[PDB]
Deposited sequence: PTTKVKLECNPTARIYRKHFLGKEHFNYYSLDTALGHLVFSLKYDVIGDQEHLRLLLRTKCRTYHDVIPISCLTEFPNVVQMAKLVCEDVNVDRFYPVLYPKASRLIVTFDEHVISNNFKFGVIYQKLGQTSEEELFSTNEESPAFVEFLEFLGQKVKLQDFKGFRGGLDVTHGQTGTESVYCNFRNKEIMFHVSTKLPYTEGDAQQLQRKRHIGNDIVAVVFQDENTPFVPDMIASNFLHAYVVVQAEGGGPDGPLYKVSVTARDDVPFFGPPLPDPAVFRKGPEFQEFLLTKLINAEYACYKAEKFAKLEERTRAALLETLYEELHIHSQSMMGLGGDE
């Protein structure tokens, strides 16, 4: 059904440019930094359009502007999509593999692996101590787990492990996991990870669930749960699922003030029944929560910093190879 919430510009090279006639150019802007620019001339009927995608240290800009025989140069096209660009010239990317380097850069922000935690909340529980020290798995809890994904043994598991021990049994003997759209999701199920005699704060469970960004909190009974309940550097958004037996799952979302709105909108009477609709809703909602969390104080810096270094590497390589294309040595 509906597209996953990554930066919507990361798709454009793939849907519109790759495999099709187009041009890439580079240039260095004193303010904007390294520029990597893609442009592509398109025709439908007698309607000549122009699709532009300019990459900066910070953003990539996109637009499709009608052109009409009544033809711009690259500097000028650049200015049509990013007003601030101000550069004497652009340079043609002549390296026959640029487009493969480029798409990878563009897509560096779509992630294919996800790891989410699953905590079970007892009726009274209000502490990490109570929240992780839980051994018995509820009937409702099993039934929900069967629903999230498939149970897998970790011993020789070839899928995405999300940090679990795949070869020595030291992080439980099983987990729940699943292939989603084309993603791999490993769950960190609190009750499936090892329990420790005398370690109330249960490190062997927290070291995984505490390093996740998004978790599901399953409840058998309605109980309060705020993020202030768990001390974590990573946990940012939570999806609470409560099983009113009466077989409806009552669903809610909490996440720090930091994280913006995400995922499929919760339905209006906000309750689901066990089935595909819910599988779809919940899984996309978890992925959307994670993409939303990446906008918060904690991660934004690291993201920026990363985009910048990838772009520079990209720019430098499009530059080195274009040079070797025109006449480095012959």
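J.: Could you please spell out the deposited residue ranges that have no C-alpha entry in the coordinates?
T.: Seq positions lacking coordinates: 1-3, 74-75, 252-255, 340-341.
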